[PDB]
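In case you want the letters, here they are:
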Amino acid sequence: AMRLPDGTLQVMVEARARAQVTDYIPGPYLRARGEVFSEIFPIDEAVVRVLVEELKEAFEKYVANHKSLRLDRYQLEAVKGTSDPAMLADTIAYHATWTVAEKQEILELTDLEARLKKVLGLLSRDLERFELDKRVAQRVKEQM
Amino acid sequence: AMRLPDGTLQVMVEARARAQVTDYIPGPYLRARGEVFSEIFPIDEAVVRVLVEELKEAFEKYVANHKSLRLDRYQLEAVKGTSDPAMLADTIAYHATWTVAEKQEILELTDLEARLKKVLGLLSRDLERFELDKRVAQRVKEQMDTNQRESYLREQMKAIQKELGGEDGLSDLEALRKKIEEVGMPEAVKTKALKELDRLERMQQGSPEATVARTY
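- Taking the PDB entry as the reference, chain B is identified by name as Lon protease belonging to Meiothermus taiwanensis.

- Chain A appears in the PDB entry as Lon protease from Meiothermus taiwanensis.

Have a look at this one:
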């Protein structure tokens, strides 16, 4: 916590786990209560690490290809040397670029295993968007 | 046996053999005498160990199928130390889930090879179902890709069509392309409607098609 009073305070937050808004109080400012930490997690941790490696394979298919989507090439330093599957999975989910509503959709599901399949689907959707761009590009050049 | 502080009795039992009893009293404890202990032992263990190896391979293929789901990979290390083939087969059948009637038919059957083939067929159909379901999950991700692709295509041609024509030919292009759907259409009329839209979307601000196709 730094102290720079000027009207803007970027809080350095490292979130523990997600929670459900049970109720919100109209303000301003709006007070919304939270639930417990989402400690529900899979117990098949070897196969969850296998799925984390699959999400890392999708992440390597994403960063090395979607430079027109303006990703970061230095993200490979933080994905090696850690033994946390959920942290690495949502790190891949937040290093990836899409709308805020899809991050809200990720925040909806407290099931950890379906989240990686949704993120892999979104990265393959962006690969689908590139091959859509290639298809429409060859179509427009042949038509002209 | 160990004690738990929630009031629930914690006892760990291990079955040994089955018994044929005609009726148990309403109970508790439903008391009944046991006449005979019917359990077959592995004789001519070459074929028995061949089906044991086949059951082990089918069980391993049945376990290694849950990428998006939770299952027990480490439970196969405890069954490799089992020396009795019938105990290994019953442990494989216990950790695999199917219907209650099939479990009752396995329990009622006094033949080792028949229930070995039954568990082998159940593991084969479970392996087929789980491979199909993982292909379904892969197709769910790829269908999300393809339906977002077609949705982006339709919305982008609509958007850049509206942005450059005369509000899609005086609102009339989107007027008719939503007036297509409120009218019930034959399917050839849907195909022709798209064609009329095509002869209109080639130019909604240039050739007479911008008007004649619009009127069409």
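The structure having been displayed, the exposition proceeds.
1. Some thoughts on the overall build of chain A
(1) Moving on: Within chain A, the secondary structure is distributed over four helices and two strands.
(2) Moving on: Reading the helices (α) and strands (β) of chain A from amino to carboxyl end gives β-β-α-α-α-α.
(3) Moving on: Seen along its three principal axes, the alpha-carbon backbone of chain A occupies a region of about 60 × 45 × 30 Å.
(4) Moving on: Residues classed as buried in chain A amount to 31% of the 144 residues present.
(5) Moving on: Contacts in chain A between residues far apart in sequence, at least 24 positions, make up 59% of those at least 6 positions apart.
(6) Moving on: Within the structure as shown, chain A displays about 10400 Å² of accessible surface, and the carbon and sulfur contribution to it stands at 55%.
(7) Moving on: Distance between charge centres in chain A, computed from 22 positive and 25 negative side chains, equals 6 Å.

2. Concerning helix α1 (residues 45-63) of chain A
Residues and elements named next belong to chain A.
(1) Moving on: For α1, built from 19 residues, the straight-helix expectation of 27 Å at 1.5 Å per residue is met to within 8% by its first-to-last C-alpha distance of 26 Å.
(2) Moving on: Those residues of α1 not exposed but buried are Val 47, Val 48, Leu 51, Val 52, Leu 55, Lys 56, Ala 58, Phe 59, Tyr 62 and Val 63.
(3) Moving on: Buried residues along α1 sit against α2 (85-95) and α4 (112-143).

3. Focus on the nonpolar core
(1) Moving on: Counting residues in each nonpolar core, the largest one holds 24 residues, and the members touching the most others are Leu55(B), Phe59(B), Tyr62(B), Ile92(B), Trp98(B), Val119(B) and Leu123(B).
(2) Moving on: Counting residues per element, the ones that place at least two in this core are α1 (45-63), α3 (85-95) and α5 (112-164) of chain B.
(3) Moving on: Sort the elements by how many residues they give to this core and α1(B) lands first, with eight residues.
(4) Moving on: With residues up to four places along the chain from it excluded, the contact list for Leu123(B) reads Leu55(B), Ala58(B), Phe59(B), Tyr62(B), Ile92(B) and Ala96(B).
(5) Moving on: Counting 21 residues, the second-largest nonpolar core is a separate cluster that includes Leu55(A), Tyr62(A), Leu88(A) and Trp98(A).

4. Digging into the environment of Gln10(B)
All names here are of chain B.
(1) Moving on: Tracing the chain through its elements places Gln 10 in the segment before α1.
(2) Moving on: Residue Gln 10 is classed as partly exposed on the basis of its relative accessible area of 21%.
(3) Moving on: With residues up to four places along the chain from it excluded, the contact list for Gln 10 reads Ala 1, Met 2, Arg 3 and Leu 4.

5. Points about the interface of chain A and chain B
Interface size, as often reported, equals the accessible area lost upon joining of the parts.
(1) Moving on: Opposite the 22 residues of chain A that make contact, chain B presents 18 residues.
(2) Moving on: In total, chain A and chain B occlude about 1900 Å² of area from one another, counting both sides; carbon and sulfur atoms represent 54% of this.
(3) Moving on: Counting across the chain A and chain B interface gives three salt bridges.
(4) Moving on: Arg70(B) is the salt-bridge partner of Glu113(A), the closest N and O atoms lying 3.0 Å from each other.
(5) Moving on: Applying the counting rule to chain A against chain B returns seven residue pairs in polar contact.
(6) Moving on: Elements represented by at least two residues in the side of chain A that touches chain B include exactly α1 and α4 of chain A.
(7) Moving on: Of the residues contributing to the side of chain A that touches chain B, the split by class is 11 nonpolar, two polar and nine charged.

6. Concerning the packing of α3(B) against α5(B)
Residues and elements named next belong to chain B.
(1) Moving on: Relative orientation of the contacting elements α3 and α5 amounts to 35°, with a least axis distance of 11 Å. Note that α3 runs across α5; the crossing there is left-handed. For the pair formed by α3 and α5, the contact residues are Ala 86, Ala 89, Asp 90, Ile 92 and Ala 93 on the first element and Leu 112, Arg 115, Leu 116, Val 119 and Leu 123 on the second.
(2) Moving on: A class-by-class count of the residues in the contact of α3 with α5 yields eight nonpolar, no polar and two charged.

7. Some remarks on a negative patch on the surface
Residues and elements named next belong to chain B.
(1) Moving on: On the surface, a cluster of negative charge is made up of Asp 44, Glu 45, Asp 84, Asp 111 and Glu 113.
(2) Moving on: With respect to the helices, strands and loops of the structure, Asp 111 is situated in the loop between α4 (100-108) and α5.
(3) Moving on: The partly exposed category is assigned to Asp 111, whose relative accessible area is 32%.

Cut-offs applied
Residues numbered from 1 in each chain as written, not as in the entry; some residues may be left out. Chains lettered and ligands numbered in written order. Part of a larger assembly, values for the part shown. Heavy atoms only, no water. Helix = DSSP H or I, 4+ residues; strand = E, 2+ residues; numbered from the N terminus. Buried < 20%, exposed > 50% of the residue type's maximum accessible area, 1.4 Å probe, protein only. Contact = heavy atoms within 4.5 Å. Areas by Shrake-Rupley, 256 points an atom, 1.4 Å probe, with all protein chains shown as cover. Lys, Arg positive; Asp, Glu negative; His and termini not counted. Charge placed at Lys NZ, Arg CZ, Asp CG, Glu CD. Expected span 1.5 Å × (residues − 1). Core = buried A, V, L, I, M, F, W, Y, C linked by side-chain atoms within 4.5 Å. Buried area = accessible area lost by both parts, 1.4 Å probe. Salt bridge = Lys/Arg side-chain N within 4 Å of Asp/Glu carboxyl O. Polar contact = N/O pair within 3.5 Å; in protein donor to acceptor, adjacent residues only side chain to side chain. Nonpolar A, V, L, I, M, F, W, Y, C, P; charged D, E, K, R; others polar. Axes fitted to C-alpha atoms, helices over the stretch in contact; angles between N-to-C directions. Left-handed = near helix turned anticlockwise from the far one by under 90°. Patch = residues over 30% accessible without salt bridge, like charges linked within 9 Å, V, L, I, M, F, W, Y side chains within 5 Å.

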